[PDB]
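In what follows, residues are counted from 1 in the order of the sequence shown. Counting starts at 1 for both ligands and their atoms, in listed order.
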Amino acid sequence: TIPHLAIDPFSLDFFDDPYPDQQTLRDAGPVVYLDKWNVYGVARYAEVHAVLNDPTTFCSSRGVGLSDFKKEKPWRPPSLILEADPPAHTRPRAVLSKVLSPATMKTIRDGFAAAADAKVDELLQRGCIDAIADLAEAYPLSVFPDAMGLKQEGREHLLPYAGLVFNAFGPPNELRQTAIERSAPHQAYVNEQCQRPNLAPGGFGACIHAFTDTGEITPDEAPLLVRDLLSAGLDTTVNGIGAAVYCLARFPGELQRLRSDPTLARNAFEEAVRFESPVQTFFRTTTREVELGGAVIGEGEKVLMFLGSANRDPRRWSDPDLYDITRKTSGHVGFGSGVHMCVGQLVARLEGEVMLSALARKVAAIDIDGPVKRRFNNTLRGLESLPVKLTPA
Ligand code: HEM
Ligand SMILES: COc1ccc(C(=O)O)cc1
Ligand SMILES: [Cl-]
Ligand SMILES: [Mg+2]
């Protein structure tokens, strides 16, 4: 009763243009079996949402990549939050929820917005820029490592480590295998910076360690929460912002709508997350036999969730392939849903809001002006190089 499909969702040809294959996955049925990797797949909105919100049956503690932690050793010690189930998940999650809390956003907003305005003004002095290197990567590198309270030395390891993290969720294809081999120096840098002495007081990393006084985490749990942030907090926003600029470069009507009301900047960013879905996929593992979408899947099976496809499902979104900055975006699964919903979403949305605010107020047009090159990663969707022309307002 379950369709068997040969599509490899981690193939370069797939990354290069996933939308035809994503419809095939949706229209084949509510649940598919992917023979290439021996996993179940869900790519419609209703099923992806249901699986995200059924944690006792579709767990995260056996890994959210292809690899089943009950069968193989994880390539690094498991996250106490992303790769954990309640009740173990709950208290460390609450620490990150408080460290990256609404009150914390107040302490960083003026700096983050100032850095966004200054970058766009800088880029307008150049004219010819690469919106990935000079913008999508440059701005988060200028705000987020400082907000973490990281020292200067070694920051050149941050994006290499993140590319390794996100590739490692995938199957053992060349991308994953090449990322993990000789990754020791990236791991050694990050793990060192997770230790309390190297984290500047008043920063995210120091604040995490400060919660060891409360009883929510032990001193030995704090470095792995810092690692959570060092794994997910930079590269996600780079492709988040990169997608936003790509969307505005391709939908001039929507850049003009944003220009005429900069307060749409926050929802402009949310719609970019839905539209491009910088985080394409995560896995769950079944803890028991379960019927999903009229299909019986056994215990101990990997289930691949197509978050991007779920955000483009015509059963849920009208005109899903249109970028619409006034779309009612709530319910999209670009940040997950349920108990593991992105704990960093306030930092991501703040970085996205203020850079898009800067664009809205300062830029009149954004024209692609050179060869566009895609960046392939087993989990992340984004560009390697986006040469654009910035016309001042
Ligand atoms: C546009 C940017 C981002 C996107 C699209 C994104 C996406 C996601 C998604 C889909 C999940 C769900 C994982 C799952 O259900 O298995 C998640 C969780 C998480 N994210 Fe975000 N993220 C972004 C930015 C950030 C930032 C800025 C941080 C930290 C500063 C962060 C840190 C985390 C952490 C620690 C988790 C695990 C939360 C948990 O398991 O409870 N992410 N993210
Ligand atoms: C959204 O992607 C990630 C990746 C890593 C982690 C983590 O290391 O905790 C969390 C979310
Ligand atoms: Cl590590
Ligand atoms: Mg090791």
Side-chain angles (χ1 to χ4, degrees), residues 48 51-53 55 58-61 63-65 74-86 88-90 92-97 99-100 104-105 108 136 140 143-145 147-148 157 161-162 164-169 180 183-194 204-205 208 223-244 269-270 272-274 276-285 305 307-308 310-311 332-353 377 379-382:
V48 169
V51 174
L52 283 166
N53 286 277
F58 300 91
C59 73
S60 295
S61 59
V64 300
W75 68 280
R76 64 176 185 169
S79 161
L80 315 176
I81 287 165
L82 179 74
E83 291 150 348
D85 296 324
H89 169 252
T90 305
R93 168 73 191 217
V95 164
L96 287 190
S97 182
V99 164
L100 296 176
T104 308
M105 302 304 106
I108 54 174
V143 286
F144 183 82
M148 283 305 296
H157 286 273
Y161 183 81
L164 153 65
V165 171
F166 287 101
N167 272 323
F169 295 129
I180 281 183
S183 67
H186 305 331
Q187 308 188 36
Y189 158 78
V190 168
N191 299 163
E192 183 60 36
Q193 309 320 302
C194 296
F204 295 158
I208 289 169
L224 292 193
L225 269 63
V226 177
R227 200 196 64 187
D228 286 324
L229 301 197
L230 292 185
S231 309
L234 189 64
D235 207 354
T236 50
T237 64
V238 171
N239 291 278
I241 292 157
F269 182 76
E270 201 74 9
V273 174
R274 177 199 74 82
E276 276 308 316
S277 289
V279 180
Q280 289 272 293
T281 47
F282 269 119
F283 291 84
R284 296 297 191 258
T285 317
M305 292 171 316
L307 306 175
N311 289 335
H332 79 80
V333 292
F335 290 111
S337 179
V339 309
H340 293 268
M341 191 175 80
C342 178
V343 80
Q345 57 192 63
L346 296 196
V347 175
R349 285 172 188 150
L350 170 67
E351 271 178 39
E353 181 204 342
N377 184 271
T379 294
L380 288 160
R381 174 173 170 79

Side chains of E83 and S60: is there a donor and an acceptor less than 3.5 Å apart?
no

If we only count heavy atoms from C-beta on, is the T104 to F204 side-chain gap below 4.5 Å?
yes

Give a yes/no verdict on whether any heavy atom in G334 is under 4.0 Å from an atom of ligand 1.
yes

Check the side chains of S231 and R76 for a donor-acceptor pair under 3.5 angstrom, ignoring hydrogens and angles.
yes

Does any part of the side chain of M305, heavy atoms only, come nearer than 4.5 Å to the side chain of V333, both counted from C-beta?
no

For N311 and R274 the tightest heavy-atom approach is O-NH1, 2.8 Å

For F166, take its heavy atoms, then give the atoms of ligand 2 lying under 4.0 Å from any of them.
2 (O), 3 (C), 4 (C)

Polar contacts were defined as any N/O atom of the residue lying under 3.5 Å from an N/O atom of the ligand; does this apply to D228 and ligand 1?
no

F204 near ligand 1 by a heavy-atom separation under 4.0 Å:
no

Check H340 against ligand 2 and report side chain, backbone, both or neither, counting heavy atoms closer than 4.0 Å.
neither

Give yes if a backbone or side-chain nitrogen or oxygen of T236 is under 3.5 Å from a nitrogen or oxygen of ligand 2, and no if not.
no

Protein heavy atom at shortest distance from atom 30 (C) of ligand 1:
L100 CD1, 3.5 Å

Students should be able to answer this: which protein heavy-atom is nearest to atom 35 (C) of ligand 1, and at what distance?
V343 CG1, 3.7 Å

Please determine, by modelled atom types, if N167 and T379 share a side-chain donor-acceptor pair under 3.5 angstrom.
no

Starting from atom 41 (O) of ligand 1, which protein heavy atom do you reach first, and at what distance in Å?
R93 NH1, 2.5 Å

Take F144 and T237, measure what side chain to side chain contact (heavy atoms under 4.5 Å, CB included) needs, and give me the verdict at the end.
CA-CA 10 Å; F144 183 82; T237 64; 5.9 Å; no

Numbered atoms and elements of ligand 2 in range of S79, under 4.0 angstrom, heavy atoms
9 (O)

Is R284 in polar range of ligand 1, meaning some N or O pair under 3.5 Å apart?
yes

Given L307 and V48, is the side chain to side chain contact (heavy atoms under 4.5 Å, CB included) satisfied, shown in steps?
CA-CA 7 Å; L307 306 175; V48 169; 3.7 Å; yes

If you define the side chain from C-beta out and look only at heavy atoms, does anything of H340 sit under 4.5 Å from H89?
yes

Out of all atoms in ligand 1, which are within 4.0 Å of some heavy atom of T237? Include the element for each.
27 (C)

Does the ring of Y161 carry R227 above it, NZ/CZ under 6.0 angstrom from centre and within 45° of its axis?
no

In this structure, atom 40 (O) of ligand 1 is nearest to the protein heavy atom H340 ND1, 2.8 Å

Side-chain heavy-atom pair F166, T236 within 4.5 angstrom cut-off:
yes

Would you call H89 a ligand 1 contact, heavy-atom distance under 4.0 Å?
yes

Identify which of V343, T379, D228 has a heavy atom lying nearest to atom 9 (O) of ligand 2.
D228

Mode of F335 contact toward ligand 2 - side chain, backbone, both, neither (heavy atoms, under 4.0 Å):
neither

List the closest protein heavy-atom neighbour of atom 22 (N) of ligand 1: residue, atom name, distance to the nearest 0.1 Å.
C342 SG, 3.3 Å

Atom 25 (C) of ligand 1: closest protein heavy atom, distance to 0.1 Å, is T236 OG1, 3.4 Å

Please write down residue, atom name and distance for the protein heavy atom closest to atom 13 (C) of ligand 1.
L82 CD1, 3.5 Å

Go through the steps for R284 and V64 under the test side chain to side chain contact (heavy atoms under 4.5 Å, CB included), then give the verdict.
CA-CA 5 Å; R284 296 297 191 258; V64 300; 3.7 Å; yes

For atom 11 (C) of ligand 1, find the nearest protein heavy atom and state the residue, atom name and distance (0.1 Å precision).
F335 O, 3.9 Å

Within ligand 1, which atoms have a heavy atom of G233 less than 4.0 Å away?
26 (C), 27 (C), 28 (C), 29 (C), 30 (C)

